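What follows is calculated from the coordinates using simple rules that are stated; it is not laboratory data.
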Amino acid sequence: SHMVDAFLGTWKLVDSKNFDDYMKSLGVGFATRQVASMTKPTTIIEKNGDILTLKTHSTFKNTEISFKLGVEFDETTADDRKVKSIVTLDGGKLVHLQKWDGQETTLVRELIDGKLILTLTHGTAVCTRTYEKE
Ligand SMILES: CCCCCCCCCCCCCC(=O)O
Ligand code: NI
């Protein structure tokens, strides 16, 4: 299909709200939170055959996940959590669910009014990061 085509490309952060709150919720220490809060990472979304790849590149930490929609995969997050993940795409919302230690967090990407909105949710901690395509 072509459902993912609109997401493919290079995206740069233009705005962020409550990232600190989301990070601390995850157990990320103060020193790391300051450094992470200063960065403007670039996420690169790409497709190869049936497999999607999502790279996050910054002057601080770099990560990369590869997955097929609806298929579980192992992931080591930037804050070093070893999680089991699953990514699905429904109604144009790319939903990434991470599960570890009996708890979970979601990372949701949607294209709205010319921006990519990434909503990060861990319990009542909800962060919104805004990206724009290059
Ligand atoms: C670049 C973030 C450095 C600090 C690592 C904190 C890890 C929090 C989970 C990953 C958050 C990534 C959000 C995003 O892609 O913009
Ligand atoms: Ni296409």
Problem - the chain - percent relative contact order, Cα under 8 Å, separation 6 or more - result: 25 percent
Exercise for the section: Taking the Cα atoms of the range 1-64, report the difference between the largest and smallest coordinate on each principal axis, in whole Å and largest first. Expected result: 42, 22, 20
Practice task
Report the extension gain between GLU46 and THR124 in nm, rounded to one decimal, defined as 0.36 nm multiplied by the number of residues separating them, less their alpha carbon distance.
Solution key: 25.0 nm
Handout entry: Expected 222 nm ellipticity per residue - DSSP helices of 4 or more, -39500 (n - 2.57), all of the chain, to 500
Key = -3500 deg cm²/dmol
